[PDB]
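K.L.:
I have a structure I would like to understand better, so I am pasting it below and will then ask my questions one at a time.
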Amino acid sequence: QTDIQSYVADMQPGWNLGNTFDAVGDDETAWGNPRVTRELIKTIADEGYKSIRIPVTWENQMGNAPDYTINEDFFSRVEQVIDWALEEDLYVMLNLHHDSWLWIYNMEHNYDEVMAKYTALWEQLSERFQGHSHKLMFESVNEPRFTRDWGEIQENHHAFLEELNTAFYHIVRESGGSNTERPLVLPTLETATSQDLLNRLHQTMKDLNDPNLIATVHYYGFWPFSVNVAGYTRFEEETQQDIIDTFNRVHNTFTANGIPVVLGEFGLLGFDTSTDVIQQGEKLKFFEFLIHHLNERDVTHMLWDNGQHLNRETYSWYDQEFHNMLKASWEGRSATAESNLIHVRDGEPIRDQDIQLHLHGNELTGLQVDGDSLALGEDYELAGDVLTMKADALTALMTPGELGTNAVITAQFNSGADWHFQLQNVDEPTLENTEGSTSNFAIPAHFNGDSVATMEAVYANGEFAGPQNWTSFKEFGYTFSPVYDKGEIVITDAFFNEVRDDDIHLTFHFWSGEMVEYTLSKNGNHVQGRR
Amino acid sequence: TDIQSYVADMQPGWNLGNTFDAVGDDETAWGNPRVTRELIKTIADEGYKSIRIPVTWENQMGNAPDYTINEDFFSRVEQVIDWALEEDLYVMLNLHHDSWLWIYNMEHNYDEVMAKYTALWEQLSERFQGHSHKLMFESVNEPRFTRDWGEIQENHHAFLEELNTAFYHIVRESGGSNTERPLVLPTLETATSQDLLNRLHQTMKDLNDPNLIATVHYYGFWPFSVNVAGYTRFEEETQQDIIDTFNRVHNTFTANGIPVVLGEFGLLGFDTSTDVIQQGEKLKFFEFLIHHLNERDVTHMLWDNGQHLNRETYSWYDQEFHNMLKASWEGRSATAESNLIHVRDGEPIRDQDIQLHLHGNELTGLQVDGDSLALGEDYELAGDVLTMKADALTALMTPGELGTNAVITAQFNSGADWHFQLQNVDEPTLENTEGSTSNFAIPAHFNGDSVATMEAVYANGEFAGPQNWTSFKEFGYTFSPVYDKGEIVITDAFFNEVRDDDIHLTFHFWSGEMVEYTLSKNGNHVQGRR
């Protein structure tokens, strides 16, 4: 192995301090996160991460021509956080972030200004961090883009991005000192992962003829699964194949020829709305699959955390199950199941229930409820990889009448993370009539322990209604959102803004399998809903 | 004839909207107070001689097979109608928003919809059996039915004819004062195209009744009515739409002895606010429109959801509007190229020309705060070009104070007085901003000016925003200038239909000037720069 591949490999795994210094505002707190504490970096270190990415947006602390001097207090705060990260023996990756689209976008029609502010910025940076360790790396530009004359992308953009990469490179290398051997991270265009882009970054990197370069890509999952659109509610073969093809191209083009790859940002696109857009078990399966294949192709990954995943005020993970699956996927594969839920109707006699496992190379060793192992034979059976909860066990663990999560059955294995089943006592969900404006329309609902997976919207003639007209399945969150603590289903203003004055048939898909029908009557700014 | 004397004697009409017609538990669900008898008294003494009472009954109808109406809501409708005829007004009673609430579903729920229909008009005719004959029944408001492949189709015409005939025969069979009770029947969607008018024509000719009235609605040429596609002016396409529309109504119905009640009119855009259309252009539209309505004996009823007369003051929110309306009841009023005269604070003041449109009348003087001003020394008139003299404007204005300095009232031998707003304007200025799509507002210094429309183009020249087929915004729904807070908001609806890119906006001001602005959208965040 080469020295640079041991470097990138020593970064694994990585974490993004997102929506902080990268926020487009007057300071790092414009987008809701608190100012960086020395405790934050320390916990990020003690949770198993060995590299941290610090994205920064610089436009709103830059001066005017020709110096564009960075404001010293913002600069010194960035520098302070980096210093802390290096006290914690972490790798630090520093970039210019949202400046990408803020002004660098504008290079075809503002070339000398964009490269004046660019050159000046990386001069200040390189001079500032000259005497720093080699565990500080420079990343040229986050997800670069340029102005569409005829559309994205052709011709101009590759040239522009190459000129940015080589200018940045030559600045840092000409700074000397620790910047001579300092690794430099360079991106594909929009950090995308298609073959042409990969071959242009490849030819730029050969062009620069440097041993200490690193290739970057971003990935937020197969688009429709990542945002819960077009019915892709489960983590099925299409997402998996997208992962496999994407990182097989990345691996063949970069890792296989000795240039290491940092997947500098990964996640699910839908988490820009909420982590509730993807169902829990399918999220876990997605992340386990992804981290498995990335490990198999020596791709060092850095999770994008804008503040939604670790509570930067408690310093603990908002969803421990998620982080447990991540930190198991660092070491190896974890067993999963067809679902993380077990459904049991409150009205039916309780029967033995089968559950398909996904051993992923591992073996089952027991099941626990509230920390206590369960009874072999009397509580559960295992036939190959089909696990069966016995009737008496579910009857004991459940409460007649109490709808919702009655218990959690924990499947333990010889290796990997525990898989947790939510034992749901459910009835058939029912809706109610309502009437209101497009601006505040909510269907009163009785979820009865169930869970909404997706919603379709078709006109009474069968045409696909609502936004993203090419499919019947609307997008989660942006067009509708189930609010369980307030017992209703919201229909958003964005949905009604793309529907004609007509009657709308909606068909709510629940994770129990059931489906509820509802009809809306749309005229202007008023809508009535009936069962 | 008795029927044409009836319909002609209704002129003019007024709609009691967003009241009993609101889809809710009672008349106030959509923000209006409960009807006062002072309300209708005032509506009568403002010169109107007919009132339209739209009512939606769905949420106070019982269950099969009676579908009985709730007695207190019923007693409230009857109370309002009785009152309206104490003021010697004409009343037209209709089925309102039920149109789309359940009547829509006629192809797939025939016997239920006509069961509720028959029951409803039975309650109706039985309740008002012994009432005066200047109370009218209107069958169904703007009828529509479910699109199989779209509007309009074969099925819809049949359906509407069946409702018309069922209602007709129900009231006719009720007897009493309902025997010569006049009946108001609508074309489908109250639209004004030839084929539809001829379907209603054969419908009434089929029904062979002397006491029938044809109703249609009209809310103006679509793009001007909602301020889209750059139609900021009241120019001839709008006017030609008026002329063609009511030439068809007059040829097909009035000329053949059946009178037409335009039971609801306005401009569609006021469903947002009366501020989407410029004041003077609104006035010209209404004067033109009412002029032709009178010329073809079309009895008008204004659509007032509470937006035109303040039902709390019992006075008109915009007196200029109502003054122009009821002056056009009697005849045409002179209009002008513009409602305001612009003069920049920094340049020396000049004589200013302003084109009038003497719609058959002559100017007799001008007024500032009720006082006539000197002829010759302050203003000249050459043919139809009026000229404000420099000294008059210099005296009437204050250097530095931008905005409305004075109002010049043009008096004429006939018609409404026209009021010009004397605006001292500077070049409007914008500032940089940063924010989310959900609440994005550009800090603005209007400097006395007024935004007419907005353009949105991507840096490649493609039309951005909703209704991508034109560069010109829809007013209100995509952007709104709020002068009281000195900013220009861009709504969630606009950003929800634009790609992550740079958008060039071009603000059109009524002074003629145009200021440019650029947005950079990425996800749910947008950058604004001058």
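Chain lettering (A, B, ...) mirrors the order of the structure tokens, residue numbering begins at 1 for each chain separately, and ligand numbering begins at 1 in order of display.
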Only residues of chain B matter here; which ones have an atom within 8 Å of chain A, counting only C-alpha atoms? Give them as a compact mmCIF listing (two decimals) with N, CA and C atoms, in the first residue's frame.
P.N.:
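Saved to part_23.txt:
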```txt
# COMPACT_ATOMS: atom_id res chain seq x y z
N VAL B 23 -68.68 27.29 2.96
CA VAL B 23 -68.68 25.86 3.28
C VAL B 23 -68.20 25.72 4.72
N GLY B 24 -69.14 25.64 5.65
CA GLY B 24 -68.80 25.52 7.04
C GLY B 24 -70.04 25.30 7.88
N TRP B 100 -69.64 22.04 -6.91
CA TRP B 100 -68.49 21.15 -6.91
C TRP B 100 -68.45 20.21 -5.71
N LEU B 101 -69.28 20.43 -4.69
CA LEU B 101 -69.20 19.60 -3.49
C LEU B 101 -69.81 18.21 -3.71
N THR B 146 -67.73 15.56 -13.34
CA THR B 146 -66.41 14.94 -13.35
C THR B 146 -65.87 14.76 -14.76
N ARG B 147 -64.61 15.15 -14.96
CA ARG B 147 -63.90 15.00 -16.23
C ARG B 147 -63.53 13.54 -16.46
N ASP B 148 -64.10 12.91 -17.49
CA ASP B 148 -63.57 11.61 -17.91
C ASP B 148 -62.29 11.79 -18.72
N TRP B 149 -62.37 12.56 -19.81
CA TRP B 149 -61.20 12.97 -20.56
C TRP B 149 -60.98 14.48 -20.51
N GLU B 434 -30.55 37.51 2.36
CA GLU B 434 -30.29 36.07 2.43
C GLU B 434 -31.37 35.46 3.30
N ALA B 459 -30.56 32.36 -15.95
CA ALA B 459 -29.41 32.99 -16.61
C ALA B 459 -29.23 32.55 -18.05
N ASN B 460 -29.93 31.51 -18.49
CA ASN B 460 -29.90 31.07 -19.88
C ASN B 460 -31.05 31.61 -20.72
N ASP B 492 -43.59 31.01 -1.19
CA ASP B 492 -43.23 29.60 -1.31
C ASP B 492 -43.66 29.03 -2.66
N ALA B 493 -44.81 29.47 -3.17
CA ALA B 493 -45.32 28.95 -4.43
C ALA B 493 -44.37 29.23 -5.59
N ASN B 496 -41.13 26.90 -5.20
CA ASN B 496 -41.46 25.49 -5.37
C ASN B 496 -41.52 25.06 -6.83
N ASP B 501 -30.68 27.22 -9.29
CA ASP B 501 -30.01 27.95 -10.35
C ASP B 501 -30.00 29.43 -9.97
N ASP B 502 -29.50 30.25 -10.89
CA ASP B 502 -29.58 31.70 -10.77
C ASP B 502 -30.76 32.20 -11.59
N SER B 520 -30.10 33.40 -6.25
CA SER B 520 -29.35 32.15 -6.37
C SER B 520 -30.01 31.14 -5.44
N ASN B 522 -30.39 27.37 -3.97
CA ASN B 522 -29.81 26.04 -3.76
C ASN B 522 -30.60 25.37 -2.65
N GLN B 527 -30.10 33.33 -2.27
CA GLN B 527 -29.30 34.54 -2.11
C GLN B 527 -29.84 35.64 -3.00
```
K.L.:
Can you pull out every residue within 10 Å of residue 422 (chain A), counting only C-alpha atoms, but drop anything in the same chain fewer than 6 positions away, and send it as a ChimeraX atom specification?
P.N.:
/A:281,339-343,404-410
K.L.:
Generate the output file for the selected residues, N, CA and C atoms, as a JSON list (two decimals), in the first residue's frame.
P.N.:
```json
[["chain", "number", "residue", "atom", "x", "y", "z"],
["A", 281, "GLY", "N", -36.41, 0.66, 9.63],
["A", 281, "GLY", "CA", -35.71, -0.55, 9.22],
["A", 281, "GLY", "C", -35.07, -0.44, 7.85],
["A", 339, "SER", "N", -38.34, -6.58, 7.75],
["A", 339, "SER", "CA", -38.90, -5.40, 8.40],
["A", 339, "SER", "C", -38.34, -5.31, 9.81],
["A", 340, "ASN", "N", -38.41, -4.11, 10.37],
["A", 340, "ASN", "CA", -38.12, -3.86, 11.77],
["A", 340, "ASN", "C", -39.39, -3.83, 12.61],
["A", 341, "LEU", "N", -40.53, -4.20, 12.02],
["A", 341, "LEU", "CA", -41.80, -4.20, 12.72],
["A", 341, "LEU", "C", -42.45, -5.57, 12.62],
["A", 342, "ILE", "N", -43.23, -5.90, 13.65],
["A", 342, "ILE", "CA", -44.06, -7.09, 13.69],
["A", 342, "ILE", "C", -45.48, -6.61, 13.95],
["A", 343, "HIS", "N", -46.40, -6.93, 13.05],
["A", 343, "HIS", "CA", -47.77, -6.46, 13.17],
["A", 343, "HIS", "C", -48.67, -7.56, 13.70],
["A", 404, "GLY", "N", -50.30, 0.36, 19.30],
["A", 404, "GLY", "CA", -48.97, 0.91, 19.19],
["A", 404, "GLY", "C", -47.90, -0.11, 19.52],
["A", 405, "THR", "N", -46.71, 0.40, 19.84],
["A", 405, "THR", "CA", -45.57, -0.45, 20.15],
["A", 405, "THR", "C", -45.74, -1.05, 21.54],
["A", 406, "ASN", "N", -45.99, -2.36, 21.61],
["A", 406, "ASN", "CA", -46.12, -3.05, 22.89],
["A", 406, "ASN", "C", -44.79, -3.49, 23.47],
["A", 407, "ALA", "N", -43.86, -3.93, 22.64],
["A", 407, "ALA", "CA", -42.58, -4.43, 23.13],
["A", 407, "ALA", "C", -41.56, -4.35, 22.01],
["A", 408, "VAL", "N", -40.31, -4.62, 22.36],
["A", 408, "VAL", "CA", -39.21, -4.64, 21.40],
["A", 408, "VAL", "C", -38.49, -5.98, 21.54],
["A", 409, "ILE", "N", -38.48, -6.76, 20.47],
["A", 409, "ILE", "CA", -37.81, -8.05, 20.43],
["A", 409, "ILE", "C", -36.44, -7.84, 19.80],
["A", 410, "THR", "N", -35.38, -8.11, 20.56],
["A", 410, "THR", "CA", -34.01, -7.85, 20.13],
["A", 410, "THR", "C", -33.37, -9.14, 19.63]]
```
K.L.:
What's around region 54-71 of chain B at 8 Å? Count only C-alpha atoms, leave out sequence neighbours fewer than 2 positions away in its own chain, and write the answer as a PyMOL selection string.
P.N.:
chain B and resi 15-17+19-25+52+73-75+93-98+101+115-116+119-120+123
K.L.:
So, counting only C-alpha atoms, which residue among A:402, A:22, A:418, A:47 is closest to residue 368 (chain A)?
P.N.:
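For residue 368 (chain A), the nearest of the given residues is A:418.
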K.L.:
Between B:239, B:299, B:79, B:278, which one has atoms that come closest to residue 259 (chain B), using only C-alpha atoms?
P.N.:
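Between B:239, B:299, B:79, B:278, the residue approaching residue 259 (chain B) most closely is B:299.
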K.L.:
If we count only C-alpha atoms and set the cut-off at 12 Å, which residues sit around residue 338 (chain A), ignoring sequence neighbours fewer than 2 positions away in its own chain? Please answer as a CSV table (one decimal) with C-alpha atoms, in the first residue's frame.
P.N.:
```csv
chain,number,residue,atom,x,y,z
A,234,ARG,CA,-38.5,-0.2,0.8
A,235,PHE,CA,-34.8,-0.8,0.4
A,236,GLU,CA,-35.1,-3.1,-2.6
A,280,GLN,CA,-36.5,3.0,10.3
A,281,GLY,CA,-35.7,-0.6,9.2
A,282,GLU,CA,-35.2,0.4,5.6
A,284,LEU,CA,-30.8,0.7,8.7
A,285,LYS,CA,-30.7,-1.8,5.8
A,335,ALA,CA,-28.0,-9.0,10.2
A,336,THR,CA,-31.2,-7.4,9.0
A,340,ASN,CA,-38.1,-3.9,11.8
A,341,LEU,CA,-41.8,-4.2,12.7
A,342,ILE,CA,-44.1,-7.1,13.7
A,354,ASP,CA,-42.9,-15.8,10.8
A,355,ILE,CA,-40.2,-13.2,10.2
A,356,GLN,CA,-37.6,-13.4,7.3
A,357,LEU,CA,-34.1,-12.7,8.5
A,358,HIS,CA,-31.1,-11.4,6.4
A,359,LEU,CA,-28.1,-13.1,8.2
A,385,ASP,CA,-33.1,-17.9,8.4
A,386,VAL,CA,-36.9,-17.7,9.0
A,387,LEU,CA,-37.5,-16.8,12.7
A,419,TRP,CA,-31.7,-6.0,15.2
A,420,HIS,CA,-34.7,-4.6,17.0
A,421,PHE,CA,-38.3,-5.6,16.2
A,511,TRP,CA,-46.4,-0.1,6.6
```
K.L.:
I'd like the neighbourhood of residue 16 (chain A) as a ChimeraX atom specification, where a residue qualifies if any of its atoms comes within 9 Å (using only C-alpha atoms), though same-chain residues fewer than 2 positions away should be ignored.
P.N.:
/A:14,18,51-55,264-265,302-306
